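Have a look at the structure below, then the notes.
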Amino acid sequence: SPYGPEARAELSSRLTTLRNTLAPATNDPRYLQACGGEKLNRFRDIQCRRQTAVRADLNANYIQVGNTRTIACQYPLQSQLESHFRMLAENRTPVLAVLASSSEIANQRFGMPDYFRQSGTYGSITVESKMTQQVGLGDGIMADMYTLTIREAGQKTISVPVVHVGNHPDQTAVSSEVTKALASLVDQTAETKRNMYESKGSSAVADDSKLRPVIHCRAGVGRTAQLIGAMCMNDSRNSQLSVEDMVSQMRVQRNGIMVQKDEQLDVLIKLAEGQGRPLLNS
Ligand code: VO4
Numbered sequence: 187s188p189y190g191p192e193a194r195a196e197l198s199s200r201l202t203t204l205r206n207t208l209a210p211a212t213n214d215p216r217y218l219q220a221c222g223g224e225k226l227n228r229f230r231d232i233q234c235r236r237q238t239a240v241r242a243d244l245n246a247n248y249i250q251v252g253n254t255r256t257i258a259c260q261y262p263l264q265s266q267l268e269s270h271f272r273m274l275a276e277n278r279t280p281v282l283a284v285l286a287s288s289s290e291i292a293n294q295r296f297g298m299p300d301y302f303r304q305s306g307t308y309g310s311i312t313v314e315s316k317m318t319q320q321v322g323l324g325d326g327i328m329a330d331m332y333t334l335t336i337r338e339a340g341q342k343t344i345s346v347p348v349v350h351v352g353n354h355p356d357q358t359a360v361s362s363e364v365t366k367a368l369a370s371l372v373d374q375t376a377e378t379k380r381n382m383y384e385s386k387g388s389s390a391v392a393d394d395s396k397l398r399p400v401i402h403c404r405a406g407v408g409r410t411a412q413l414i415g416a417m418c419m420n421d422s423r424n425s426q427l428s429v430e431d432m433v434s435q436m437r438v439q440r441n442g443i444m445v446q447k448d449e450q451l452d453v454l455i456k457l458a459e460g461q462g463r464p465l466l467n468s
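Residues in the sequence shown are numbered consecutively from 187, following the deposited numbering.
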């Protein structure tokens with residue numbers, strides 16, 4: 187019963203209502219608006235909740251799902267790279283997980299700069315990329331890892347671990363098993379880096395807005411939300427958090443498209459069922 191078609195239909199019904207309620211109006215006070223004529227939103231109808239926005243010129247949100255704290259964002263536009271790097275550095279980012287594939291990044295029509303696999307200078311910020319490990323996730327899917335060193339006069343230099351799912355499929359979802367492996371890798375990578383900051387006495391450890399994993403695909407609502415949901419199920423502090431709760435939390439804190447596709451919700455439901463976690467709130 188709890189994972190049957192009726193329960194699943196009720197879950198989808200609740201979530202569809204929420205998506206509709208959260209749809210952005212023109213100049214919606216709930217959503218971040220572009221300053222002037224520079225593009226803010228990569229996709230016109232995928233907007234950034236104002237109250238949880240990380241920076242005034244990025245489409246990026248703080249999200250807390252149960253006890254699990256992250257940042258979800260869109261793939262930065264070329265014009266946003268300096269601001270995006272400053273976000274990454276100021277956050278003392280313990281892991282950046284990029285779920286857009288190499289093939290997507292190479293597709294010039296998508297306007298996704300290869301900002302983490304190449305070195306470059308963006309305004310005042312210079313960035314160096316180095317390749318590190320490669321970790322298989324299952325089904326031939328590979329996580330390629332990097333360290334991104336971000337340098338800027340007047341700022342402390344920050345190095346950010348990157349997990350890039352370079353061969354993420356482009357028109358289907360990855361399985362629950364691959365998602366679980368990816369969530370574990372991302373969480374573990376973050377824990378190692380967070381620990382380094384704690385050992386050094388960084389003030390960021392005490393700041394709820396910092397030390398957050400940063401996750402994006404192209405829009406930051408599909409693959410990204412599937413991963414964030416899996417991460418929250420990987421956190422033993424989140425007992426009794428339902429699938430309804432987690433998807434509602436993501437939507438209210440970013441936008442109504444979080445968990446964009448039914449295929450992605452299917453994975454979250456399967457992960458929840460494996461844990462005996464509820465789908466719905468009573
Ligand atoms: O500027 V710190 O995040 O090393 O206290």
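For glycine and all other residues, C-beta sits at the position ideal for the given N, C-alpha and C.
Any heavy atom of the ligand VO4 closer than 7 Å to the beta-carbon of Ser345? no
Determine, using beta carbons only, whether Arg235 and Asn227 come nearer to each other than 8 Å. no
Taking Cβ positions, are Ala376 and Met419 nearer each other than 8 Å? At least 8 Å separates the beta-carbon of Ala376 from that of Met419.
Tell me the rounded alpha-carbon separation between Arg241 and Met273. 7 Å
Along the chain, where does the beta strand (DSSP E) that runs through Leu244 open and close? In this chain, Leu244 is not harboured by any beta strand (DSSP E), its DSSP state being neither H nor E.
List the DSSP bridge partners of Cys259. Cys259 is bridged to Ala246.
What number of angstroms, rounded off, separates the C-alpha of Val349 from the C-alpha of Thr203? 34 Å
Please classify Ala416 as buried or exposed, where buried requires at least 16 neighbouring CB atoms within 10 angstroms. buried
Give me whichever residues DSSP pairs with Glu363 in a beta bridge. Per DSSP, none; premise fails for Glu363.
With C-beta atoms as the reference, is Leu413 less than 8 Å away from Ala367? no
Among the residues of its own chain, which have a CB less than 7 Å from the CB of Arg303, if the five just before and after it don't count? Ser315 and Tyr332
When you compare only the Cα positions, how much space is there between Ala339 and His270? Straight through space, the alpha carbons of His270 and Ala339 are spaced by roughly 16 Å.
According to DSSP, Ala283 sits in a beta bridge with which residue or residues? As a beta-bridge residue in DSSP terms, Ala283 pairs with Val349 and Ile401.
Is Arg278 near the ligand VO4, judged by its Cβ being under 7 Å from some heavy atom? yes
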